[PDB]
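Residue numbers (the UniProt record's numbering): 90 to 419.
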């Protein structure tokens, strides 16, 4: 089997991407944030504290003939941005782009933090990291991909995120029309539960490539590119007037700037992020200070190849017995 679904930016900045997901019988379609940095499929629901729902579409398990309470199971998750959610668990039928999994754990939120409430466009998350990170207790649950894997034509999924445009998540096949040149594969460590890999270096604009190992995670659920302070300083030093602002929470730059590109290495291959991808616009409405899309990972504890990086590539998440990651230009 295979599946193919379009993923759409939630706003004009590509802050996140939503993908329609069918849950239950008859189908309830919710727009979920596919997140290769976590491993829980959770949804706003009829159980979510009413004051914490503001415009989201909810899953109502009592209206699904295939929903079953997973008795005794609870979940609770906290994300890198400080947001969180928790609740109980149902199993139900879940379909993505025509690919169906029966008995998928659908984690129903009883509580969500303010950041989730305040974003009416995201109805929940669909985790695509390794199932070892799943938070369901006392019986850990598998991700949608893990459950689908054996049925897939090939044990892979691909992320093809757009810049200010829709893109695609495919399951079970590699669309050879969706990228240019060849795909370069690189080793993955699953030791921390992430799609963790080592970039071979970087360049800023038309500058020379610096060969240096940068361990980080491929994370579709993180908006920006978070890299070591040395690398980030080298990038922003090429933008007149750019500076790190503790008050704003990272590097800002004059909105009048033209940003240089940023290249990262994948083995001997190179992925070029155009400068425009690094512009996250005014820090507040009407400001002439703009927020940068490359930020320091210092104090996160891990480097994160988030959407800014991933959307410059066609990315293969190869879930074979020994997982790997593939990157192609597009």
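Cβ atoms here follow ideal geometry from the backbone N, Cα and C, with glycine treated the same way.
By the criterion of at least three beta-carbon pairs nearer than 8 Å, the segment 293-309 is in contact with the segment 320-328. Cα atoms of residue 228 and residue 221: separation of roughly 11 Å, rounded to the nearest angstrom.
Relative to residue 286, the option among 276, 242, 100 whose CA is nearest is 276.
Counting only the Cα atoms, residue 107 lies some 5 Å from residue 96. Between the segment 149-159 and the segment 237-246, the count of Cβ pairs shorter than 8 Å is below three; the stretches do not touch. In this structure, the CA atom of residue 324 is about 40 Å from the CA atom of residue 142. With a threshold of 16 other beta carbon atoms within 10 Å, residue 158 falls short and is exposed.
Taking 8 Å as the cut-off, the beta carbon of residue 401 is found no closer than this to the beta carbon of residue 372.
With a minimum length of 3 residues, the unbroken runs of beta strand (DSSP E) contained wholly in the segment 189-226 fall at 213-216. Pairing residue 181 with residue 112 gives a Cβ-Cβ distance under 8 Å. Each of 274, 263, 350 was checked against the Cα of residue 293, and the nearest Cα belongs to 350.
Residue 307 and residue 150 have their C-alpha atoms spaced approximately 32 Å apart. Shown here for residue 386: same chain residues with a beta carbon closer than 7 Å to its own, the five before and five after excluded, namely 315, 316, 317, 392, 393 in chain order. Annotation for residue 300: the continuous beta strand (DSSP E) segment containing it runs 299-307. In the DSSP assignment, residue 235 falls within the unbroken alpha helix (DSSP H) covering 233-237. Bridge pairing for residue 256: 96 [DSSP]. Partner residues in the beta bridge of residue 339, as assigned by DSSP, are 334.
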